[PDB]
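Structure data follow from input.pdb (PDB, C-alpha atoms):
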```
ATOM      1  CA  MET A  23      -0.876 192.096  86.977
ATOM      2  CA  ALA A  24       1.249 189.853  84.657
ATOM      3  CA  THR A  25       0.892 187.687  81.476
ATOM      4  CA  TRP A  26       3.508 185.002  81.332
ATOM      5  CA  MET A  27       4.748 183.162  78.262
ATOM      6  CA  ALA A  28       4.169 179.416  78.506
ATOM      7  CA  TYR A  29       5.498 176.630  76.300
ATOM      8  CA  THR A  30       4.902 172.885  75.967
ATOM      9  CA  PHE A  31       6.689 169.990  74.255
ATOM     10  CA  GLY A  32       3.259 169.010  72.812
ATOM     11  CA  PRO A  33       2.822 170.168  69.183
ATOM     12  CA  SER A  34      -0.994 170.213  69.044
ATOM     13  CA  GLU A  35      -4.084 170.977  71.095
ATOM     14  CA  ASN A  36      -5.583 167.447  70.960
ATOM     15  CA  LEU A  37      -2.806 165.982  73.095
ATOM     16  CA  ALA A  38      -3.699 165.029  76.676
ATOM     17  CA  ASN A  39      -0.487 166.642  77.979
ATOM     18  CA  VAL A  40      -1.473 169.929  76.323
ATOM     19  CA  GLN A  41      -5.025 169.729  77.681
ATOM     20  CA  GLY A  42      -3.531 169.063  81.075
ATOM     21  CA  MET A  43      -1.206 172.031  80.715
ATOM     22  CA  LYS A  44      -4.267 174.191  79.956
ATOM     23  CA  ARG A  45      -6.015 172.918  83.078
ATOM     24  CA  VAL A  46      -2.934 173.729  85.183
ATOM     25  CA  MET A  47      -2.780 177.270  83.742
ATOM     26  CA  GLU A  48      -6.525 177.822  84.180
ATOM     27  CA  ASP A  49      -6.311 176.807  87.826
ATOM     28  CA  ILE A  50      -3.327 179.116  88.404
ATOM     29  CA  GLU A  51      -5.201 182.044  86.805
ATOM     30  CA  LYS A  52      -8.335 181.516  88.913
ATOM     31  CA  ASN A  53      -6.429 180.771  92.128
ATOM     32  CA  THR A  54      -4.262 183.896  91.799
ATOM     33  CA  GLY A  55      -7.384 186.052  91.065
ATOM     34  CA  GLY A  56      -5.936 186.812  87.642
ATOM     35  CA  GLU A  57      -2.572 188.080  89.008
ATOM     36  CA  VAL A  58      -0.773 185.441  86.919
ATOM     37  CA  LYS A  59      -2.168 184.813  83.417
ATOM     38  CA  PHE A  60      -0.652 182.763  80.617
ATOM     39  CA  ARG A  61      -0.185 182.751  76.893
ATOM     40  CA  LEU A  62       0.550 179.214  75.693
ATOM     41  CA  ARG A  63       2.657 178.383  72.652
ATOM     42  CA  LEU A  64       2.855 174.846  71.292
ATOM     43  CA  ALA A  65       6.011 172.943  70.414
ATOM     44  CA  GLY A  66       7.596 174.405  67.274
ATOM     45  CA  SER A  67       5.730 177.745  67.386
ATOM     46  CA  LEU A  68       8.845 179.193  69.051
ATOM     47  CA  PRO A  69      12.427 178.462  67.980
ATOM     48  CA  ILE A  70      12.999 176.185  70.985
ATOM     49  CA  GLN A  71      14.006 172.538  70.401
ATOM     50  CA  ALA A  72      12.331 170.077  72.850
ATOM     51  CA  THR A  73      15.614 169.253  74.603
ATOM     52  CA  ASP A  74      16.149 173.030  75.204
ATOM     53  CA  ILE A  75      12.934 173.753  77.215
ATOM     54  CA  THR A  76      14.713 173.685  80.579
ATOM     55  CA  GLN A  77      17.228 176.254  79.322
ATOM     56  CA  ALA A  78      14.408 178.459  77.841
ATOM     57  CA  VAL A  79      12.583 178.404  81.202
ATOM     58  CA  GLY A  80      15.825 179.027  83.079
ATOM     59  CA  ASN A  81      16.703 182.161  81.090
ATOM     60  CA  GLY A  82      13.124 183.514  80.993
ATOM     61  CA  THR A  83      12.487 183.225  77.266
ATOM     62  CA  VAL A  84       9.415 181.483  78.600
ATOM     63  CA  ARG A  85       8.290 181.591  82.209
ATOM     64  CA  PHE A  86       6.385 178.322  82.543
ATOM     65  CA  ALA A  87       6.499 175.032  80.657
ATOM     66  CA  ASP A  88       6.103 171.300  80.737
ATOM     67  CA  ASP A  89       9.204 169.346  79.786
ATOM     68  CA  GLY A  90       9.776 165.681  79.143
ATOM     69  CA  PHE A  91      13.309 166.121  77.758
ATOM     70  CA  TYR A  92      15.011 167.498  80.868
ATOM     71  CA  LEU A  93      17.532 164.641  81.335
ATOM     72  CA  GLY A  94      20.229 166.437  79.345
ATOM     73  CA  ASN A  95      20.227 169.269  81.893
ATOM     74  CA  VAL A  96      19.345 167.268  85.026
ATOM     75  CA  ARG A  97      21.326 164.072  84.565
ATOM     76  CA  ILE A  98      20.763 162.640  88.053
ATOM     77  CA  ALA A  99      17.006 162.428  87.351
ATOM     78  CA  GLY A 100      17.748 159.582  84.885
ATOM     79  CA  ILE A 101      17.337 157.143  87.815
ATOM     80  CA  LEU A 102      13.583 157.732  87.390
ATOM     81  CA  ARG A 103      13.650 156.145  83.903
ATOM     82  CA  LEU A 104      15.922 153.132  84.511
ATOM     83  CA  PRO A 105      14.364 150.029  82.909
ATOM     84  CA  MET A 106      12.137 147.935  85.212
ATOM     85  CA  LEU A 107      12.822 150.115  88.232
ATOM     86  CA  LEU A 108       9.442 151.860  88.690
ATOM     87  CA  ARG A 109       6.169 149.902  88.425
ATOM     88  CA  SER A 110       3.671 152.460  89.684
ATOM     89  CA  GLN A 111       3.207 156.059  90.611
ATOM     90  CA  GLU A 112       3.634 154.963  94.265
ATOM     91  CA  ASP A 113       7.096 153.723  93.221
ATOM     92  CA  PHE A 114       7.691 157.072  91.531
ATOM     93  CA  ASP A 115       6.677 158.916  94.706
ATOM     94  CA  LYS A 116       9.044 156.807  96.819
ATOM     95  CA  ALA A 117      11.904 157.366  94.390
ATOM     96  CA  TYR A 118      11.199 161.054  93.984
ATOM     97  CA  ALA A 119      11.194 161.620  97.789
ATOM     98  CA  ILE A 120      14.854 160.591  97.536
ATOM     99  CA  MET A 121      15.660 162.308  94.223
ATOM    100  CA  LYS A 122      13.862 165.621  94.941
ATOM    101  CA  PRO A 123      16.723 167.490  96.702
ATOM    102  CA  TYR A 124      19.213 166.638  93.908
ATOM    103  CA  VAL A 125      16.695 167.433  91.170
ATOM    104  CA  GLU A 126      15.529 170.718  92.703
ATOM    105  CA  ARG A 127      19.156 171.709  93.350
ATOM    106  CA  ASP A 128      20.227 171.094  89.747
ATOM    107  CA  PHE A 129      17.182 172.735  88.142
ATOM    108  CA  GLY A 130      17.724 175.651  90.575
ATOM    109  CA  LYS A 131      21.355 176.128  89.527
ATOM    110  CA  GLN A 132      19.973 176.516  86.024
ATOM    111  CA  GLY A 133      17.345 179.109  86.926
ATOM    112  CA  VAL A 134      14.332 176.749  87.204
ATOM    113  CA  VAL A 135      11.906 175.814  90.025
ATOM    114  CA  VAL A 136       9.974 172.521  89.869
ATOM    115  CA  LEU A 137       6.227 172.915  90.548
ATOM    116  CA  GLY A 138       4.986 169.408  89.706
ATOM    117  CA  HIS A 139       5.259 166.176  87.801
ATOM    118  CA  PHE A 140       3.065 164.011  85.597
ATOM    119  CA  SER A 141       3.615 160.705  83.854
ATOM    120  CA  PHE A 142       2.785 158.938  80.631
ATOM    121  CA  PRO A 143       2.129 155.244  80.995
ATOM    122  CA  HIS A 144       4.888 152.740  80.764
ATOM    123  CA  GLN A 145       6.646 152.241  77.525
ATOM    124  CA  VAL A 146       5.854 148.632  76.573
ATOM    125  CA  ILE A 147       6.908 146.393  73.643
ATOM    126  CA  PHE A 148       5.139 146.060  70.282
ATOM    127  CA  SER A 149       6.233 143.869  67.387
ATOM    128  CA  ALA A 150       5.223 142.669  63.963
ATOM    129  CA  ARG A 151       6.852 139.375  64.933
ATOM    130  CA  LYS A 152       5.540 136.937  67.506
ATOM    131  CA  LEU A 153       6.144 138.402  70.954
ATOM    132  CA  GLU A 154       4.383 136.660  73.824
ATOM    133  CA  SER A 155       7.216 136.245  76.291
ATOM    134  CA  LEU A 156      10.657 137.506  77.218
ATOM    135  CA  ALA A 157      12.210 134.565  75.343
ATOM    136  CA  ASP A 158      10.551 135.886  72.155
ATOM    137  CA  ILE A 159      12.582 139.127  72.291
ATOM    138  CA  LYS A 160      15.765 137.233  71.322
ATOM    139  CA  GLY A 161      17.031 138.341  67.891
ATOM    140  CA  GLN A 162      14.301 140.926  67.362
ATOM    141  CA  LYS A 163      15.250 144.359  66.106
ATOM    142  CA  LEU A 164      13.375 146.796  68.349
ATOM    143  CA  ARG A 165      13.277 150.531  68.067
ATOM    144  CA  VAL A 166      14.269 152.284  71.280
ATOM    145  CA  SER A 167      14.208 155.932  72.396
ATOM    146  CA  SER A 168      17.174 156.016  74.850
ATOM    147  CA  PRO A 169      20.429 154.234  75.738
ATOM    148  CA  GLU A 170      18.691 152.905  78.838
ATOM    149  CA  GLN A 171      16.018 151.205  76.722
ATOM    150  CA  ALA A 172      18.771 149.953  74.397
ATOM    151  CA  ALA A 173      20.494 148.362  77.373
ATOM    152  CA  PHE A 174      17.323 146.533  78.378
ATOM    153  CA  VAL A 175      16.658 145.228  74.845
ATOM    154  CA  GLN A 176      20.297 144.120  74.455
ATOM    155  CA  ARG A 177      20.142 142.307  77.712
ATOM    156  CA  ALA A 178      17.054 140.555  76.728
ATOM    157  CA  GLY A 179      18.886 139.273  73.615
ATOM    158  CA  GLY A 180      17.309 141.759  71.234
ATOM    159  CA  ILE A 181      18.951 144.198  68.858
ATOM    160  CA  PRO A 182      18.155 147.780  69.802
ATOM    161  CA  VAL A 183      17.702 150.271  67.007
ATOM    162  CA  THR A 184      17.774 153.840  68.135
ATOM    163  CA  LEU A 185      15.187 155.541  65.916
ATOM    164  CA  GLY A 186      12.996 158.571  66.210
ATOM    165  CA  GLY A 187       9.247 158.014  65.855
ATOM    166  CA  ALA A 188       9.200 159.433  62.288
ATOM    167  CA  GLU A 189      11.513 156.777  60.788
ATOM    168  CA  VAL A 190       9.487 153.908  62.213
ATOM    169  CA  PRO A 191       6.866 153.319  59.459
ATOM    170  CA  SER A 192       9.313 152.890  56.601
ATOM    171  CA  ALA A 193      11.625 150.882  58.938
ATOM    172  CA  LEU A 194       8.724 148.479  59.661
ATOM    173  CA  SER A 195       7.701 148.148  56.008
ATOM    174  CA  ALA A 196      11.329 147.498  54.975
ATOM    175  CA  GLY A 197      11.792 145.009  57.824
ATOM    176  CA  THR A 198      14.869 146.766  59.226
ATOM    177  CA  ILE A 199      13.060 146.746  62.560
ATOM    178  CA  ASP A 200      10.568 144.233  63.831
ATOM    179  CA  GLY A 201       8.989 146.438  66.466
ATOM    180  CA  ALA A 202       9.301 149.228  68.957
ATOM    181  CA  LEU A 203       9.133 150.266  72.558
ATOM    182  CA  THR A 204       6.264 152.723  72.787
ATOM    183  CA  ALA A 205       2.811 153.189  74.404
ATOM    184  CA  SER A 206      -0.555 152.243  72.890
ATOM    185  CA  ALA A 207      -1.610 155.868  72.736
ATOM    186  CA  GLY A 208       1.792 156.774  71.287
ATOM    187  CA  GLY A 209       3.148 154.653  68.502
ATOM    188  CA  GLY A 210       0.775 151.739  69.020
ATOM    189  CA  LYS A 211      -2.137 153.492  67.442
ATOM    190  CA  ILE A 212      -0.417 155.134  64.502
ATOM    191  CA  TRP A 213       1.764 152.055  63.694
ATOM    192  CA  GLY A 214      -0.981 149.577  64.665
ATOM    193  CA  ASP A 215      -1.542 148.123  61.182
ATOM    194  CA  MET A 216       2.148 147.259  61.001
ATOM    195  CA  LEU A 217       2.296 145.585  64.512
ATOM    196  CA  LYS A 218       0.582 142.421  65.783
ATOM    197  CA  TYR A 219       1.907 141.578  69.265
ATOM    198  CA  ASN A 220       2.016 143.755  72.386
ATOM    199  CA  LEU A 221       3.924 142.470  75.432
ATOM    200  CA  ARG A 222       2.888 144.920  78.149
ATOM    201  CA  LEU A 223       6.062 144.639  80.134
ATOM    202  CA  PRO A 224       6.514 147.949  82.142
ATOM    203  CA  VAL A 225       9.909 148.935  80.811
ATOM    204  CA  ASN A 226      10.016 152.619  81.872
ATOM    205  CA  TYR A 227       7.901 155.726  82.127
ATOM    206  CA  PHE A 228       8.045 158.731  79.890
ATOM    207  CA  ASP A 229       7.223 161.731  82.031
ATOM    208  CA  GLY A 230       7.303 165.494  82.383
ATOM    209  CA  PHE A 231       7.833 168.225  84.940
ATOM    210  CA  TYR A 232       6.016 171.529  85.287
ATOM    211  CA  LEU A 233       8.832 174.075  85.383
ATOM    212  CA  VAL A 234       8.789 177.759  86.222
ATOM    213  CA  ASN A 235      11.416 180.472  85.824
ATOM    214  CA  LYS A 236      12.998 180.769  89.276
ATOM    215  CA  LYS A 237      13.527 184.539  89.240
ATOM    216  CA  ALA A 238       9.942 185.260  88.085
ATOM    217  CA  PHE A 239       8.516 182.795  90.575
ATOM    218  CA  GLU A 240      10.596 184.091  93.516
ATOM    219  CA  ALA A 241       9.521 187.644  92.646
ATOM    220  CA  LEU A 242       5.884 186.693  93.358
ATOM    221  CA  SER A 243       4.586 187.419  96.824
ATOM    222  CA  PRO A 244       4.610 184.539  99.281
ATOM    223  CA  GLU A 245       0.804 184.283  98.887
ATOM    224  CA  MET A 246       0.967 184.078  95.074
ATOM    225  CA  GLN A 247       3.811 181.513  95.188
ATOM    226  CA  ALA A 248       1.646 179.312  97.431
ATOM    227  CA  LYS A 249      -1.422 179.690  95.193
ATOM    228  CA  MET A 250       0.616 178.783  92.084
ATOM    229  CA  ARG A 251       2.100 175.738  93.850
ATOM    230  CA  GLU A 252      -1.356 174.683  95.022
ATOM    231  CA  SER A 253      -2.793 174.894  91.535
ATOM    232  CA  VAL A 254      -0.049 172.837  89.928
ATOM    233  CA  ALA A 255      -0.217 170.188  92.709
ATOM    234  CA  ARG A 256      -4.006 169.942  92.310
ATOM    235  CA  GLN A 257      -4.015 169.648  88.521
ATOM    236  CA  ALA A 258      -0.843 167.606  87.808
ATOM    237  CA  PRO A 259      -2.393 164.241  88.762
ATOM    238  CA  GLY A 260      -5.207 164.981  86.360
ATOM    239  CA  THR A 261      -2.735 165.082  83.489
ATOM    240  CA  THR A 262      -1.426 161.649  84.447
ATOM    241  CA  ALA A 263      -5.036 160.432  84.812
ATOM    242  CA  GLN A 264      -6.196 161.605  81.417
ATOM    243  CA  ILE A 265      -3.187 160.103  79.718
ATOM    244  CA  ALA A 266      -3.780 156.817  81.552
ATOM    245  CA  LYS A 267      -7.457 156.700  80.575
ATOM    246  CA  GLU A 268      -6.523 157.227  76.924
ATOM    247  CA  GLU A 269      -3.871 154.466  77.134
ATOM    248  CA  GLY A 270      -6.535 152.044  78.335
ATOM    249  CA  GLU A 271      -8.983 153.126  75.637
ATOM    250  CA  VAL A 272      -6.453 152.784  72.871
ATOM    251  CA  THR A 273      -5.264 149.385  74.123
ATOM    252  CA  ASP A 274      -8.877 148.150  74.118
ATOM    253  CA  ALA A 275      -9.284 149.511  70.579
ATOM    254  CA  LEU A 276      -6.099 147.761  69.455
ATOM    255  CA  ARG A 277      -7.380 144.493  70.937
ATOM    256  CA  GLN A 278     -10.569 144.848  68.847
ATOM    257  CA  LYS A 279      -8.410 145.485  65.773
ATOM    258  CA  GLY A 280      -6.620 142.196  66.461
ATOM    259  CA  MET A 281      -3.477 143.171  68.396
ATOM    260  CA  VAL A 282      -2.428 140.190  70.518
ATOM    261  CA  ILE A 283      -2.219 141.773  73.972
ATOM    262  CA  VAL A 284       0.029 139.846  76.450
ATOM    263  CA  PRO A 285      -0.135 141.282  79.941
ATOM    264  CA  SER A 286       2.912 141.328  82.152
ATOM    265  CA  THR A 287       3.038 138.960  85.115
ATOM    266  CA  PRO A 288       4.997 138.989  88.355
ATOM    267  CA  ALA A 289       7.254 136.193  87.075
ATOM    268  CA  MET A 290       7.975 138.031  83.872
ATOM    269  CA  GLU A 291       8.750 141.282  85.698
ATOM    270  CA  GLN A 292      11.084 139.532  88.089
ATOM    271  CA  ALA A 293      12.921 137.849  85.222
ATOM    272  CA  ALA A 294      13.195 141.137  83.353
ATOM    273  CA  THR A 295      14.433 142.965  86.454
ATOM    274  CA  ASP A 296      17.106 140.287  86.896
ATOM    275  CA  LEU A 297      18.351 141.018  83.373
ATOM    276  CA  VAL A 298      18.931 144.739  84.079
ATOM    277  CA  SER A 299      19.485 145.284  87.781
ATOM    278  CA  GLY A 300      23.247 144.950  87.179
ATOM    279  CA  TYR A 301      23.058 147.565  84.447
ATOM    280  CA  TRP A 302      21.433 150.013  86.868
ATOM    281  CA  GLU A 303      24.627 149.971  88.910
ATOM    282  CA  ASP A 304      26.825 150.307  85.813
ATOM    283  CA  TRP A 305      24.698 153.275  84.677
ATOM    284  CA  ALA A 306      25.012 154.873  88.090
ATOM    285  CA  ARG A 307      28.804 154.444  88.150
ATOM    286  CA  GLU A 308      28.969 156.172  84.726
ATOM    287  CA  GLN A 309      26.894 159.063  86.127
ATOM    288  CA  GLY A 310      29.091 159.363  89.226
ATOM    289  CA  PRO A 311      29.138 159.069  93.028
ATOM    290  CA  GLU A 312      25.884 160.955  93.658
ATOM    291  CA  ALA A 313      24.021 158.724  91.241
ATOM    292  CA  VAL A 314      25.547 155.661  92.922
ATOM    293  CA  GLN A 315      24.403 156.916  96.366
ATOM    294  CA  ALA A 316      20.944 158.001  95.214
ATOM    295  CA  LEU A 317      20.348 154.747  93.363
ATOM    296  CA  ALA A 318      21.203 152.772  96.607
ATOM    297  CA  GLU A 319      18.600 154.792  98.499
ATOM    298  CA  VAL A 320      15.959 154.391  95.794
ATOM    299  CA  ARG A 321      16.516 150.643  95.577
ATOM    300  CA  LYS A 322      16.231 150.303  99.368
ATOM    301  CA  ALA A 323      12.929 152.235  99.268
ATOM    302  CA  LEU A 324      11.502 150.109  96.438
ATOM    303  CA  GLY A 325      12.869 146.734  97.638
ATOM    304  CA  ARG A 326      14.409 145.726  94.275
TER     305      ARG A 326
END
```
Starting from the file, lay out its structure as structure tokens.
Amino acid sequence: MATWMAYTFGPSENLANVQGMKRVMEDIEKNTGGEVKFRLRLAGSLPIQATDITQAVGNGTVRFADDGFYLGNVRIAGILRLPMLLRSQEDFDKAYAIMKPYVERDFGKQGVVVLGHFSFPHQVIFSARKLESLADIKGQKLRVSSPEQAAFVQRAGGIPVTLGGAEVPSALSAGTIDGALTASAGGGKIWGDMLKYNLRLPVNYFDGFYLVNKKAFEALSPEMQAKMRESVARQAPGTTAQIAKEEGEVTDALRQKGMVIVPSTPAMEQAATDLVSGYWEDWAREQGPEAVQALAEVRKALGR
């Protein structure tokens, strides 16, 4: 009875997030007995910039999407990416139990309902320079993807360089950066011949939400709403799982290629947390009273 436009921030079909999106949509289609079918378009195939997916879902240009660039529209969710704060999906779950009402409220004001979440692994640290400890970060120029990552690197005595993934190769060859915060299955693989050390400190997750147009979703019968929710809840962890399996595989491959892999340790994590816990509170004050309050609750729940 309907075919819905779907969009993803993934630009090609080989990506684990895109495969996961397909699994979510397949489950929805089966579970609704074909009442809700999808046509998926990949990133760039529609004139929607990645940071504008939430607005495209909210106005119905597309009806369903994954989005990892929602922080511009849902600022209070930035707690979930503060450096060193979350160490596990159990930590995410604890934090999100607190964040959920704020996040659902603010997506809802913008015409969007949240149906699920998945995660990439932690962004960790790679460098062409020796990097086997937190002390080794000092004076290194490290590409970062956010002001929150910049704040971590700066606090660790490094020099953050905000660069997009595409500028990284020539930056490495020219020596204007030494390294980058990224995942093995992200930049690690494609930049791997230009990197030698990997300190697997769990700096922050990159992540996405499964988002549906609120008006289209609320127009479904109660039974079809529940089926759609069930399907996304069932499949979302599989997206996280596939991405995590690939991260492990690529890390093992990088080891065999000669990447020096330095695992994080409890002592190292504690030291790193002590460098940024103060910044979390500064960040929250900049974001306002709700962020301050929510952060207090999250920190109580996580014990850090």
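Closest to residue 164 in chain A among A:226, A:149, A:36, A:220 is A:149, based on only C-alpha atoms.
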query = What is the CA of residue 196 in chain A-CA of residue 280 in chain A distance in Å, reported with one decimal?
reply = 22.0 Å
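Residues matched by the PyMOL selection byres ((chain A and resi 206) around 10) in this structure: residues 143, 144, 145, 146, 147, 148, 203, 204, 205, 207, 208, 209, 210, 211, 212, 213, 214, 220, 222, 268, 269, 270, 271, 272, 273, 274, 275 and 276 of chain A.
This file, queried with the PyMOL selection byres ((chain A and resi 58) around 8), gives the residues residues 23, 24, 25, 26, 50, 51, 54, 55, 56, 57, 59 and 60 of chain A.
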query = Quick one: which residues end up in the PyMOL selection byres ((chain A and resi 44) around 12) for this structure, as a PyMOL selection string?
reply = chain A and resi 28-30+32+35-43+45-51+59-64+86-88+232+253-254+257-258+260-261
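Counting all atoms listed in the file, the residue from A:67, A:93, A:140, A:99 that sits nearest to residue 231 in chain A is A:140.
Closest approach to residue 175 in chain A among A:138, A:243, A:301, A:71: A:301, based on all atoms listed in the file.
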task = Extract, using only C-alpha atoms, all DNA, RNA and protein residues at most 8 Å from residue 75 in chain A, discarding same-chain residues fewer than 3 positions from it, and format them as an MDAnalysis selection string.
result = chainID A and resid 31 70:72 78:79 87 89 91:92
task = Measuring atom to atom with all atoms listed in the file, identify which of A:302, A:230, A:295, A:193 is nearest to residue 73 in chain A.
result = A:230
request  = Within 12 Å of (9.5, 182.3, 91.8) (coordinates as in the file), grab all the protein and nucleic acid residues, counting all atoms listed in the file, and write them out as a ChimeraX atom specification.
outcome  = /A:58,79-80,82,85-86,130,133-137,233-251
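Taking all atoms listed in the file, the non-local environment of range 114-129 of chain A within 9 Å (same-chain residues fewer than 6 positions away omitted) comprises residues 76, 80, 95, 96, 97, 98, 99, 101, 102, 108, 135, 136, 233, 312, 316, 317, 319, 320, 321, 323 and 324 of chain A.
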Between CA of residue 184 in chain A and CA of residue 152 in chain A - distance in Å to one decimal = 20.9 Å
key: Atom-to-atom span, CA of residue 142 in chain A and CA of residue 33 in chain A, Å   = 16.0 Å
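Counting all atoms listed in the file, the residue from A:278, A:167, A:264, A:287 that sits nearest to residue 190 in chain A is A:167.
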Since the input is missing atoms, can you rebuild N, CA and C atoms for range 287-304 of chain A and write them as a compact mmCIF listing (two decimals), keeping the file's coordinate frame?
```txt
# COMPACT_ATOMS: atom_id res chain seq x y z
N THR A 287 3.35 139.81 83.98
CA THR A 287 3.04 138.96 85.12
C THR A 287 4.16 139.21 86.10
N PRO A 288 3.94 138.85 87.37
CA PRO A 288 5.00 138.99 88.36
C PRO A 288 6.25 138.22 87.99
N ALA A 289 6.11 137.01 87.45
CA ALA A 289 7.25 136.19 87.08
C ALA A 289 8.06 136.83 85.97
N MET A 290 7.35 137.35 84.99
CA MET A 290 7.98 138.03 83.87
C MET A 290 8.70 139.30 84.30
N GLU A 291 8.10 140.07 85.19
CA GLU A 291 8.75 141.28 85.70
C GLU A 291 10.00 140.98 86.50
N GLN A 292 9.93 139.93 87.29
CA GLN A 292 11.08 139.53 88.09
C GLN A 292 12.23 139.09 87.19
N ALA A 293 11.91 138.29 86.17
CA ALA A 293 12.92 137.85 85.22
C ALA A 293 13.54 139.03 84.48
N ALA A 294 12.70 139.95 84.02
CA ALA A 294 13.20 141.14 83.35
C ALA A 294 14.04 142.03 84.25
N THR A 295 13.66 142.18 85.51
CA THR A 295 14.43 142.96 86.45
C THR A 295 15.81 142.32 86.63
N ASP A 296 15.84 140.98 86.73
CA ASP A 296 17.11 140.29 86.90
C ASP A 296 18.04 140.48 85.69
N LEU A 297 17.49 140.74 84.51
CA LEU A 297 18.35 141.02 83.37
C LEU A 297 19.03 142.37 83.41
N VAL A 298 18.44 143.35 84.10
CA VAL A 298 18.93 144.74 84.08
C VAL A 298 19.37 145.34 85.39
N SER A 299 19.16 144.66 86.51
CA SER A 299 19.48 145.28 87.78
C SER A 299 20.97 145.59 87.84
N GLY A 300 21.81 144.73 87.23
CA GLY A 300 23.25 144.95 87.18
C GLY A 300 23.60 146.20 86.38
N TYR A 301 22.89 146.37 85.27
CA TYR A 301 23.06 147.56 84.45
C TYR A 301 22.73 148.84 85.21
N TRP A 302 21.74 148.82 86.10
CA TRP A 302 21.43 150.01 86.87
C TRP A 302 22.68 150.52 87.59
N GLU A 303 23.45 149.60 88.17
CA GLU A 303 24.63 149.97 88.91
C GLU A 303 25.75 150.46 87.99
N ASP A 304 25.88 149.84 86.82
CA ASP A 304 26.82 150.31 85.81
C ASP A 304 26.48 151.73 85.35
```
